[PDB]
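A.B. asks: Questions regarding the structure given below will be posed in turn.
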Amino acid sequence: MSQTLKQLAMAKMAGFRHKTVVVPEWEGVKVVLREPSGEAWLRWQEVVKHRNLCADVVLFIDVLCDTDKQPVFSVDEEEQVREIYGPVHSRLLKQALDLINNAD
Amino acid sequence: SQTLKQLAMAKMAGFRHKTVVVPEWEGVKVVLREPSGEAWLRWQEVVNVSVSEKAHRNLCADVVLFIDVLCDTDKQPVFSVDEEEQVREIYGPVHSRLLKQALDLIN
Amino acid sequence: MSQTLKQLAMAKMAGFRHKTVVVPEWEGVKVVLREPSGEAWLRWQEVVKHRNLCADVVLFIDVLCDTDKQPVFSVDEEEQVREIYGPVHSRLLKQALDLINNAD
Amino acid sequence: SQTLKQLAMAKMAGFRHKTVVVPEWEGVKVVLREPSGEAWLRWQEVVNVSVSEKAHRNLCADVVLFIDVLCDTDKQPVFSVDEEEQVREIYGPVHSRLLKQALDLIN
Amino acid sequence: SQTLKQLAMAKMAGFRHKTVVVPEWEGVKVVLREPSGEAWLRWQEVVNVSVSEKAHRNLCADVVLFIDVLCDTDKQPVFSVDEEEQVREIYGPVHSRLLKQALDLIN
Amino acid sequence: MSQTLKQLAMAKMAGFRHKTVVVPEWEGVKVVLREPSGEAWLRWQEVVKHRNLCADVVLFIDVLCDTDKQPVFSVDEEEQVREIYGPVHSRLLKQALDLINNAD
Amino acid sequence: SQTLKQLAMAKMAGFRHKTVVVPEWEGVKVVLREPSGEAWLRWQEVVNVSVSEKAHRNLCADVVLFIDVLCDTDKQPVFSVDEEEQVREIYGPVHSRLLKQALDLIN
Amino acid sequence: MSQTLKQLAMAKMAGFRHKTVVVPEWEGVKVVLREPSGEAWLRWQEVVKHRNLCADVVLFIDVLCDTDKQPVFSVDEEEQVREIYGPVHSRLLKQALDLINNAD
């Protein structure tokens with residue numbers, strides 16, 4: 001009962017905020033953005049501890065999704081995203097981080 | 001007369017609190033209490049910064065308040081202070097909506 | 001004469017400010033609040049030097065009174081008040097401290 | 001002429017001051033003087049803080065000014081600087097009302 | 001579908017950019033890109049001061065952004081970070097007008 | 001010529017600003033205030049290097065004058081002024097220091 | 001042409017300046033120049049404080065500017081930097097009125 | 001091609017901003033002011049590392065020009081300009097530095 005509540009409170013769930021935006025730098029293509037997972041945030045921390053950006057690359061690959069709400073890049077494609085990642089990608093990451101239901 | 005000392009000394013006499021049903025956790029009832037001063041303590045202790053560093057630490061701070069506000073129906077803590085990091089990896093939309101509801105009690 | 005004045009100025013007197021407030025968290029119960037005594041402030045200092053709150057608990061037990069203007073808790077009940085003491089008690093202590101005729 | 005040097009050099013020439021009857025100390029008269037600059041000194045020397053820490057130090061600061069303003073009718077100090085702590089344990093409503101009356105002289 | 005991953009991963013997908021003809025460099029075309037966050041980094045890292053010290057460091061900061069914005073038509077850097085000092089001695093009106101044009105892309 | 005100008009520029013002259021004020025703490029008595037001399041300021045420095053006030057006492061004895069524009073106290077009376085000197089004297093010293101033709 | 005280099009290089013080309021008669025120094029003429037940047041330097045280098053400490057340091061600062069502004073008719077300094085302290089003991093109403101007149105040139 | 005572009009981008013060019021101002025301290029004489037060269041800024045740095053002004057003297061000699069847009073002083077005349085250089089010269093240097101097309 002208190003054990004079932006804790007397990008309920010401890011379960012991985014998803015149900016994340018999603019947002020559809022278009023990107024004029026990419027011929028007006030439509031993109032779906034979501035909040036980063038707890039798992040992505042654990043990997044970002046691992047990078048953080050050009051190193052802030054290796055780090056933001058991992059957040060970015062977790063947030064950037066197609067119209068089917070699936071990530072466009074996989075975690076194995078980090079190094080390749082790392083070499084092309086610029087302000088256009090980080091302006092997309094800023095908008096995905098804004099989706100976080102922050103308290104205050 | 002015992003009326004006042006008994007209200008003053010009751011379990012959770014120190015806290016505004018309420019019973020909330022949580023639809024997404026199978027209809028289970030929890031008790032939400034306002035945060036203690038020992039938790040509002042850490043919250044402003046947690047809170048040039050990168051944008052993701054700003055969001056990460058707000059998340060960390062949010063989970064600390066969360067752990068403190070969330071109680072079972074016997075008005076007992078679900079999580080100790082010590083499992084902040086455990087809670088941080090699963091914290092999502094429900095937890096954060098329960099935090100807000102709890103912070104509504106101070107308003 | 002100057003010795004009698006000093007003794008007059010040195011005497012313990014009371015005559016404290018009292019305030020009646022109701023507390024909605026406690027079924028609307030009526031409470032009397034007073035300024036803390038010099039004696040309470042000496043014990044608070046002893047605690048201060050979770051330790052700020054062991055300390056505020058002693059102030060609180062000195063300020064919180066019944067309709068007969070007598071403290072509801074005794075100094076021996078510190079540890080028990082310590083375990084239930086939360087924001088509702090400290091919002092009552094803030095209002096009791098406000099009663100202090102501060103200069104300025 | 002001696003008129004000015006004599007006013008300038010008189011006991012308590014340095015201080016605005018008055019005679020006050022104190023009803024609650026058996027009708028005794030005291031003399032209240034504005035604080036010295038050596039006392040306003042300590043007052044802003046005394047003055048994230050907890051609420052009770054804020055009130056405690058204001059009390060400490062108030063007693064320091066009090067000890068300095070309060071004189072007998074022969075325009076002598078009742079308390080030395082050295083018995084601040086002694087005065088702090090008995091300081092209450094009368095002392096604090098006498099402090100205010102003394103600070104009125106600067107206004 | 002490959003449409004989005006291919007736009008997202010293209011050379012200079014990370015940067016607003018344009019082709020500019022430069023009349024004073026014999027009609028040559030260059031590519032101007034907005035600065036990277038690793039360059040806006042140094043720019044506010046570079047930026048009582050004498051008037052000439054104020055102008056000198058703005059010049060230093062300007063050349064750092066310049067080196068970062070200026071690309072050839074194959075979308076390759078003309079200058080590395082390492083030749084800042086080399087560029088600083090020849091930096092003049094054209095370079096500074098090309099910097100401005102590049103900073104226009106963020107606007 | 002340049003030697004006579006320097007000597008002219010180096011001469012002790014006086015010609016100080018004077019101000020007449022009355023003092024209600026002293027039965028409305030009339031007082032003349034003047035800027036402190038360079039000589040007073042040299043003695044004040046000597047004290048400065050309750051010590052700020054031993055110091056301001058010397059300034060005060062130089063500024064506080066009678067209707068004949070002569071100092072009421074002499075430099076030998078420092079210690080006696082020292083024991084009675086309070087806020088009423090220093091409010092008079094503040095007004096005398098205000099007379100200084102400060103640049104800016 | 002030599003017109004400009006000759007104006008640019010003349011004695012006191014660097015300074016606004018004027019001839020002033022000083023009635024109280026026997027009608028002698030002096031030359032007042034605006035302060036050098038090496039003197040405005042020290043002036044803000046000189047400038048909780050007691051009231052007399054505030055006035056003393058303004059006096060010190062004033063004498064430093066004074067020594068710098070005051071010249072003879074051959075456009076030579078009357079006092080060196082090194083005799084600040086000598087000037088400080090005699091500085092009074094005339095010197096301070098000559099300082100003001102000199103600072104008027106910048107206005 | 002990329003080698004010719006770099007060489008194009010690396011060439012010393014001039015084309016500086018010029019401004020005509022008159023100077024009332026110098027009988028209303030007309031002066032031409034220009035941005036300092038990269039070469040002047042290299043010499044200024046050498047001085048910087050009364051030393052700030054030896055330094056600004058070099059900038060000033062590079063900026064101050066005649067109606068023919070040629071510098072009035074030569075770099076060999078530094079020490080002589082050094083002895084007469086005052087606020088009138090540095091107010092001219094401030095206006096020449098303002099001509100710099102600063103970004104922001």
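The way I read the labels, and the way they are meant: chains A, B, ... in the order of the structure tokens, residue 1 as the first residue of every chain, and ligand 1 as the first ligand shown, with later ones counted on from there.
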Near residue 59 in chain H, within 9 Å and counting only C-alpha atoms, which residues show up once chain neighbours fewer than 3 positions away are dropped, as a PyMOL selection string?

C.D. replies: (chain E and resi 52) or (chain H and resi 36-37+40-41+43-44+55-56+62-64+93)

A.B. asks: Can you write just those residues out, C-alpha atoms, as an mmCIF file, in the first residue's frame?

C.D. replies:
```
data_model
loop_
_atom_site.group_PDB
_atom_site.id
_atom_site.type_symbol
_atom_site.label_atom_id
_atom_site.label_comp_id
_atom_site.auth_asym_id
_atom_site.auth_seq_id
_atom_site.Cartn_x
_atom_site.Cartn_y
_atom_site.Cartn_z
ATOM 1 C CA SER E 52 42.009 53.746 -26.031
ATOM 2 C CA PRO H 36 44.501 54.419 -36.097
ATOM 3 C CA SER H 37 46.225 51.793 -38.213
ATOM 4 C CA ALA H 40 49.915 52.032 -34.651
ATOM 5 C CA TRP H 41 47.869 49.710 -32.398
ATOM 6 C CA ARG H 43 53.202 49.993 -31.208
ATOM 7 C CA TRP H 44 50.646 51.219 -28.616
ATOM 8 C CA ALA H 55 51.229 54.888 -25.401
ATOM 9 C CA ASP H 56 48.406 57.231 -26.352
ATOM 10 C CA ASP H 62 49.024 58.149 -36.156
ATOM 11 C CA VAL H 63 45.540 59.804 -36.062
ATOM 12 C CA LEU H 64 46.336 63.555 -36.418
ATOM 13 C CA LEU H 93 42.405 61.165 -29.967
#
```

A.B. asks: Least-squares superpose chain F onto chain H - every C-alpha atom, paired in order - and show me the moved coordinates as a compact mmCIF listing (two decimals) with N, CA and C atoms, in the first residue's frame.

C.D. replies:
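Result went into result.txt, see below:
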```
# COMPACT_ATOMS: atom_id res chain seq x y z
N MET F 1 42.59 29.75 -54.95
CA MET F 1 41.14 30.14 -54.80
C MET F 1 40.76 30.39 -53.34
N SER F 2 40.88 29.39 -52.47
CA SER F 2 40.81 29.64 -51.02
C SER F 2 42.13 30.29 -50.57
N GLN F 3 43.21 29.91 -51.25
CA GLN F 3 44.47 30.61 -51.06
C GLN F 3 44.42 32.05 -51.57
N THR F 4 43.73 32.32 -52.68
CA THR F 4 43.65 33.70 -53.13
C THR F 4 42.73 34.58 -52.27
N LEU F 5 41.64 34.01 -51.77
CA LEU F 5 40.73 34.66 -50.83
C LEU F 5 41.42 35.04 -49.51
N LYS F 6 42.21 34.12 -48.95
CA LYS F 6 42.95 34.39 -47.72
C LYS F 6 43.91 35.53 -47.93
N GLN F 7 44.63 35.50 -49.05
CA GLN F 7 45.53 36.58 -49.41
C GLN F 7 44.82 37.89 -49.61
N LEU F 8 43.63 37.82 -50.20
CA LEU F 8 42.77 38.99 -50.35
C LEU F 8 42.36 39.55 -48.98
N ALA F 9 41.97 38.66 -48.08
CA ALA F 9 41.54 38.98 -46.73
C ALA F 9 42.68 39.41 -45.84
N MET F 10 43.89 38.97 -46.18
CA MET F 10 45.10 39.30 -45.43
C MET F 10 45.79 40.57 -45.91
N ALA F 11 45.44 41.11 -47.07
CA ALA F 11 46.12 42.31 -47.56
C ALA F 11 45.87 43.59 -46.76
N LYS F 12 46.95 44.32 -46.49
CA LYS F 12 46.89 45.69 -45.98
C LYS F 12 46.24 46.62 -47.03
N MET F 13 45.23 47.37 -46.62
CA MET F 13 44.37 48.10 -47.57
C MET F 13 44.21 49.59 -47.31
N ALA F 14 44.13 49.99 -46.05
CA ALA F 14 43.71 51.36 -45.70
C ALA F 14 42.21 51.55 -45.94
N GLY F 15 41.82 52.63 -46.63
CA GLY F 15 40.41 52.99 -46.80
C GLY F 15 39.74 53.47 -45.51
N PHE F 16 40.54 54.01 -44.59
CA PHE F 16 40.06 54.43 -43.27
C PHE F 16 39.01 55.55 -43.28
N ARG F 17 38.18 55.58 -42.24
CA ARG F 17 37.29 56.73 -41.94
C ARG F 17 38.15 57.99 -41.65
N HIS F 18 37.81 59.11 -42.28
CA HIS F 18 38.42 60.42 -41.99
C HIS F 18 37.37 61.44 -41.54
N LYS F 19 37.76 62.33 -40.63
CA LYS F 19 36.90 63.40 -40.15
C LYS F 19 37.62 64.73 -40.03
N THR F 20 36.97 65.79 -40.49
CA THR F 20 37.49 67.14 -40.41
C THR F 20 36.86 67.86 -39.23
N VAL F 21 37.71 68.29 -38.31
CA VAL F 21 37.27 69.07 -37.17
C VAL F 21 38.13 70.30 -37.02
N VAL F 22 37.59 71.36 -36.45
CA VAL F 22 38.41 72.53 -36.15
C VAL F 22 38.74 72.51 -34.67
N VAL F 23 39.86 73.13 -34.30
CA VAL F 23 40.30 73.16 -32.90
C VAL F 23 40.46 74.58 -32.36
N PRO F 24 39.49 75.02 -31.53
CA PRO F 24 39.45 76.39 -31.00
C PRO F 24 40.63 76.75 -30.12
N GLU F 25 41.24 75.77 -29.46
CA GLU F 25 42.45 76.03 -28.70
C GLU F 25 43.63 76.38 -29.59
N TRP F 26 43.55 76.01 -30.87
CA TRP F 26 44.61 76.27 -31.81
C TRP F 26 44.09 77.22 -32.91
N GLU F 27 43.69 78.41 -32.47
CA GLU F 27 43.18 79.48 -33.32
C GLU F 27 42.12 79.03 -34.36
N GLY F 28 41.30 78.06 -34.02
CA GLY F 28 40.33 77.52 -34.97
C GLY F 28 40.89 76.67 -36.12
N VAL F 29 42.13 76.18 -36.00
CA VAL F 29 42.77 75.46 -37.12
C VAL F 29 42.00 74.18 -37.43
N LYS F 30 42.07 73.80 -38.68
CA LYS F 30 41.32 72.70 -39.20
C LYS F 30 42.24 71.50 -39.20
N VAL F 31 41.70 70.37 -38.81
CA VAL F 31 42.49 69.17 -38.61
C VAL F 31 41.70 68.02 -39.29
N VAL F 32 42.41 67.04 -39.85
CA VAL F 32 41.77 65.82 -40.33
C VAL F 32 42.12 64.68 -39.36
N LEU F 33 41.12 63.93 -38.94
CA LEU F 33 41.33 62.80 -38.02
C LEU F 33 40.99 61.50 -38.72
N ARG F 34 41.75 60.45 -38.43
CA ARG F 34 41.48 59.14 -39.04
C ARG F 34 41.56 58.05 -37.97
N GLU F 35 41.03 56.87 -38.28
CA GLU F 35 41.17 55.72 -37.39
C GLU F 35 42.65 55.37 -37.32
N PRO F 36 43.11 54.90 -36.15
CA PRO F 36 44.50 54.42 -36.10
C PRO F 36 44.72 53.12 -36.89
N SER F 37 45.88 53.00 -37.51
CA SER F 37 46.23 51.79 -38.21
C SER F 37 46.49 50.66 -37.23
N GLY F 38 46.28 49.44 -37.73
CA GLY F 38 46.74 48.23 -37.08
C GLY F 38 48.18 48.33 -36.65
N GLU F 39 49.05 48.93 -37.48
CA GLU F 39 50.47 49.13 -37.13
C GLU F 39 50.66 50.03 -35.90
N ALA F 40 49.92 51.13 -35.82
CA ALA F 40 49.91 52.03 -34.65
C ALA F 40 49.48 51.32 -33.37
N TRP F 41 48.41 50.52 -33.49
CA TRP F 41 47.87 49.71 -32.40
C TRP F 41 48.88 48.65 -31.91
N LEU F 42 49.74 48.17 -32.80
CA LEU F 42 50.81 47.24 -32.39
C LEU F 42 51.90 47.94 -31.56
N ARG F 43 52.27 49.15 -31.96
CA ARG F 43 53.20 49.99 -31.21
C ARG F 43 52.65 50.50 -29.88
N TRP F 44 51.35 50.81 -29.84
CA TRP F 44 50.65 51.22 -28.62
C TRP F 44 50.66 50.12 -27.54
N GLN F 45 50.39 48.89 -27.98
CA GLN F 45 50.49 47.70 -27.15
C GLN F 45 51.89 47.53 -26.56
N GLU F 46 52.90 47.79 -27.39
CA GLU F 46 54.30 47.66 -26.98
C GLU F 46 54.63 48.65 -25.87
N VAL F 47 54.11 49.87 -25.98
CA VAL F 47 54.29 50.84 -24.90
C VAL F 47 53.50 50.42 -23.63
N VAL F 48 52.20 50.17 -23.78
CA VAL F 48 51.31 49.81 -22.66
C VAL F 48 51.89 48.70 -21.78
N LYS F 49 52.44 47.65 -22.40
CA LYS F 49 53.09 46.57 -21.68
C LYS F 49 54.58 46.87 -21.45
N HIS F 50 52.83 57.30 -16.11
CA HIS F 50 52.93 58.04 -17.38
C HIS F 50 53.01 57.12 -18.62
N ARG F 51 52.88 55.80 -18.42
CA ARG F 51 53.15 54.82 -19.49
C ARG F 51 51.97 54.59 -20.43
N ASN F 52 50.75 54.72 -19.90
CA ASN F 52 49.54 54.78 -20.72
C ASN F 52 49.56 55.94 -21.71
N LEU F 53 50.23 57.03 -21.34
CA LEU F 53 50.26 58.20 -22.21
C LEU F 53 51.41 58.18 -23.22
N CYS F 54 52.59 57.67 -22.86
CA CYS F 54 53.61 57.44 -23.88
C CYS F 54 52.86 56.70 -24.98
N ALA F 55 51.99 55.79 -24.54
CA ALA F 55 51.23 54.89 -25.40
C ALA F 55 50.23 55.65 -26.24
N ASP F 56 49.39 56.48 -25.61
CA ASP F 56 48.41 57.23 -26.35
C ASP F 56 49.04 58.26 -27.27
N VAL F 57 50.24 58.72 -26.94
CA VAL F 57 50.98 59.60 -27.84
C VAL F 57 51.20 58.97 -29.22
N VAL F 58 51.64 57.71 -29.26
CA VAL F 58 51.76 56.92 -30.51
C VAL F 58 50.46 56.77 -31.29
N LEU F 59 49.37 56.48 -30.59
CA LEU F 59 48.08 56.49 -31.29
C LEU F 59 47.82 57.87 -31.87
N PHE F 60 48.08 58.92 -31.08
CA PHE F 60 47.72 60.29 -31.48
C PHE F 60 48.47 60.77 -32.74
N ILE F 61 49.72 60.38 -32.83
CA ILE F 61 50.61 60.75 -33.95
C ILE F 61 50.21 60.02 -35.22
N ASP F 62 49.59 58.85 -35.03
CA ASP F 62 49.02 58.15 -36.16
C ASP F 62 47.68 58.74 -36.60
N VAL F 63 46.88 59.28 -35.68
CA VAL F 63 45.54 59.80 -36.06
C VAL F 63 45.49 61.25 -36.59
N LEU F 64 46.43 62.11 -36.19
CA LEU F 64 46.34 63.56 -36.42
C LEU F 64 47.00 63.96 -37.71
N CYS F 65 46.15 64.44 -38.62
CA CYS F 65 46.51 64.66 -40.00
C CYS F 65 46.16 66.07 -40.38
N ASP F 66 46.81 66.50 -41.46
CA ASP F 66 46.59 67.79 -42.11
C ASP F 66 45.50 67.67 -43.15
N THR F 67 45.12 68.80 -43.73
CA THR F 67 44.09 68.81 -44.76
C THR F 67 44.38 67.93 -45.97
N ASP F 68 45.65 67.55 -46.15
CA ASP F 68 46.09 66.61 -47.18
C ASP F 68 46.00 65.15 -46.70
N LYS F 69 45.38 64.95 -45.53
CA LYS F 69 45.17 63.62 -44.94
C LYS F 69 46.47 62.88 -44.61
N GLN F 70 47.56 63.64 -44.45
CA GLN F 70 48.85 63.07 -44.05
C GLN F 70 49.13 63.43 -42.59
N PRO F 71 49.68 62.48 -41.82
CA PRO F 71 49.99 62.71 -40.41
C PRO F 71 50.83 63.97 -40.21
N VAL F 72 50.48 64.82 -39.24
CA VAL F 72 51.32 66.03 -39.01
C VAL F 72 52.68 65.75 -38.36
N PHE F 73 52.72 64.76 -37.48
CA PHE F 73 53.95 64.32 -36.80
C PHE F 73 54.41 62.96 -37.32
N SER F 74 55.71 62.69 -37.25
CA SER F 74 56.25 61.37 -37.62
C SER F 74 56.59 60.58 -36.36
N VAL F 75 56.60 59.24 -36.46
CA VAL F 75 56.88 58.35 -35.31
C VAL F 75 58.19 58.67 -34.57
N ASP F 76 59.14 59.29 -35.27
CA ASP F 76 60.40 59.71 -34.67
C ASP F 76 60.24 60.92 -33.73
N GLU F 77 59.08 61.60 -33.81
CA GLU F 77 58.83 62.81 -33.02
C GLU F 77 58.00 62.53 -31.78
N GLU F 78 57.97 61.26 -31.38
CA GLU F 78 57.22 60.79 -30.23
C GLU F 78 57.60 61.53 -28.94
N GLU F 79 58.88 61.51 -28.58
CA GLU F 79 59.39 62.14 -27.36
C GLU F 79 59.10 63.63 -27.27
N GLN F 80 59.15 64.32 -28.40
CA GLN F 80 58.80 65.74 -28.41
C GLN F 80 57.29 65.94 -28.23
N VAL F 81 56.47 65.08 -28.84
CA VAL F 81 55.03 65.23 -28.64
C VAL F 81 54.72 64.87 -27.18
N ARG F 82 55.40 63.85 -26.66
CA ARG F 82 55.31 63.41 -25.26
C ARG F 82 55.37 64.55 -24.21
N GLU F 83 56.17 65.59 -24.48
CA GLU F 83 56.38 66.65 -23.49
C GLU F 83 55.33 67.75 -23.56
N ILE F 84 54.67 67.90 -24.70
CA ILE F 84 53.59 68.88 -24.81
C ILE F 84 52.16 68.29 -24.79
N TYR F 85 52.06 66.96 -24.80
CA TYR F 85 50.79 66.27 -24.96
C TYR F 85 49.92 66.47 -23.72
N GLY F 86 48.73 67.04 -23.91
CA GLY F 86 47.79 67.25 -22.82
C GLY F 86 46.37 66.92 -23.23
N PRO F 87 45.38 67.29 -22.38
CA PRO F 87 43.95 67.07 -22.66
C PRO F 87 43.46 67.54 -24.04
N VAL F 88 43.97 68.65 -24.55
CA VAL F 88 43.55 69.07 -25.92
C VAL F 88 43.92 67.96 -26.94
N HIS F 89 45.15 67.40 -26.89
CA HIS F 89 45.51 66.28 -27.78
C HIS F 89 44.67 65.01 -27.55
N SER F 90 44.39 64.67 -26.29
CA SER F 90 43.63 63.47 -26.02
C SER F 90 42.13 63.57 -26.31
N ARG F 91 41.58 64.78 -26.24
CA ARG F 91 40.22 65.00 -26.76
C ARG F 91 40.18 64.82 -28.28
N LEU F 92 41.30 65.03 -28.96
CA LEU F 92 41.36 64.80 -30.42
C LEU F 92 41.50 63.31 -30.71
N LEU F 93 42.30 62.63 -29.90
CA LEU F 93 42.40 61.17 -29.97
C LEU F 93 41.09 60.42 -29.66
N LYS F 94 40.35 60.83 -28.63
CA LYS F 94 38.98 60.31 -28.38
C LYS F 94 38.04 60.36 -29.61
N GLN F 95 38.03 61.49 -30.32
CA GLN F 95 37.24 61.70 -31.53
C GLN F 95 37.73 60.86 -32.70
N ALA F 96 39.04 60.64 -32.81
CA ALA F 96 39.58 59.73 -33.80
C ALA F 96 39.25 58.28 -33.50
N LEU F 97 39.24 57.90 -32.21
CA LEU F 97 38.89 56.53 -31.85
C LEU F 97 37.42 56.28 -32.07
N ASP F 98 36.58 57.31 -31.97
CA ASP F 98 35.14 57.19 -32.21
C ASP F 98 34.84 56.80 -33.66
N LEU F 99 35.78 57.03 -34.57
CA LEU F 99 35.56 56.77 -35.99
C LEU F 99 35.59 55.28 -36.30
N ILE F 100 36.11 54.49 -35.35
CA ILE F 100 36.24 53.06 -35.53
C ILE F 100 34.86 52.42 -35.60
N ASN F 101 34.60 51.76 -36.73
CA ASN F 101 33.38 50.99 -36.98
C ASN F 101 33.40 49.77 -36.05
N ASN F 102 33.11 50.01 -34.78
CA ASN F 102 33.00 49.00 -33.72
C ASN F 102 31.70 48.19 -33.94
N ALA F 103 31.74 46.86 -33.77
CA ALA F 103 30.50 46.04 -33.87
C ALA F 103 29.73 46.03 -32.54
N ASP F 104 28.40 46.03 -32.58
CA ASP F 104 27.58 46.26 -31.36
C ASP F 104 26.91 47.66 -31.33
```

A.B. asks: Residues at most 12 Å from residue 107 in chain G, counting only C-alpha atoms, excluding those fewer than 4 positions away in the same chain, as a PyMOL selection string?

C.D. replies: (chain F and resi 104) or (chain G and resi 16+34+100-103)

A.B. asks: Give me the residues within 7 Å of residue 68 in chain D as number ranges by chain, counting only C-alpha atoms and dropping any in the same chain fewer than 4 places off.

C.D. replies: D: 35, 39, 64

A.B. asks: Tell me as a list in words which residues belonging to chain D come within 12 Å of chain B, counting only C-alpha atoms.

C.D. replies: residues 48, 49, 50 and 51 of chain D

A.B. asks: One number please: CA of residue 31 in chain E to CA of residue 18 in chain E, in Å, one decimal.

C.D. replies: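 Those two atoms sit 5.5 Å apart.
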
A.B. asks: Could you pull out the helix (DSSP H, G or I) residues of chain F from DSSP and send them as a count of residues only?

C.D. replies: 57

A.B. asks: Name all residues at most 8 Å from residue 95 in chain B (count only C-alpha atoms; drop same-chain ones fewer than 4 positions away) and give them as a PyMOL selection string.

C.D. replies: (chain A and resi 9) or (chain B and resi 66+91+99)

A.B. asks: Check every residue of chain E for an atom within 8 Å of chain A, counting only C-alpha atoms, and provide those that qualify as number ranges by chain.

C.D. replies: E: 4-5, 7-16, 35-38

A.B. asks: Next, the residues of the selection above should be written as an mmCIF file, in the first residue's frame with C-alpha atoms.

C.D. replies:
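File produced: result-v7.cif:
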```cif
data_model
loop_
_atom_site.group_PDB
_atom_site.id
_atom_site.type_symbol
_atom_site.label_atom_id
_atom_site.label_comp_id
_atom_site.auth_asym_id
_atom_site.auth_seq_id
_atom_site.Cartn_x
_atom_site.Cartn_y
_atom_site.Cartn_z
ATOM 1 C CA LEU E 4 14.605 15.913 -41.866
ATOM 2 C CA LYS E 5 17.748 14.053 -40.712
ATOM 3 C CA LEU E 7 18.514 18.853 -43.448
ATOM 4 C CA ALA E 8 19.484 18.572 -39.748
ATOM 5 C CA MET E 9 22.892 17.024 -40.547
ATOM 6 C CA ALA E 10 23.958 18.990 -43.618
ATOM 7 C CA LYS E 11 27.168 21.013 -43.722
ATOM 8 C CA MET E 12 26.351 24.263 -41.941
ATOM 9 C CA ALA E 13 22.931 22.999 -40.748
ATOM 10 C CA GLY E 14 23.990 24.606 -37.460
ATOM 11 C CA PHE E 15 24.297 28.151 -38.817
ATOM 12 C CA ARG E 16 22.321 30.836 -40.561
ATOM 13 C CA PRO E 35 28.933 33.136 -34.882
ATOM 14 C CA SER E 36 29.140 29.882 -33.061
ATOM 15 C CA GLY E 37 28.403 29.789 -29.329
ATOM 16 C CA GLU E 38 32.147 29.024 -28.891
#
```

A.B. asks: So what do you get for CA of residue 46 in chain B versus CA of residue 17 in chain B, distance-wise?

C.D. replies: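 It comes out at 24.3 Å.
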
A.B. asks: Can you list every residue in chain H that DSSP puts in strand (DSSP E), as a count of residues only?

C.D. replies: 14
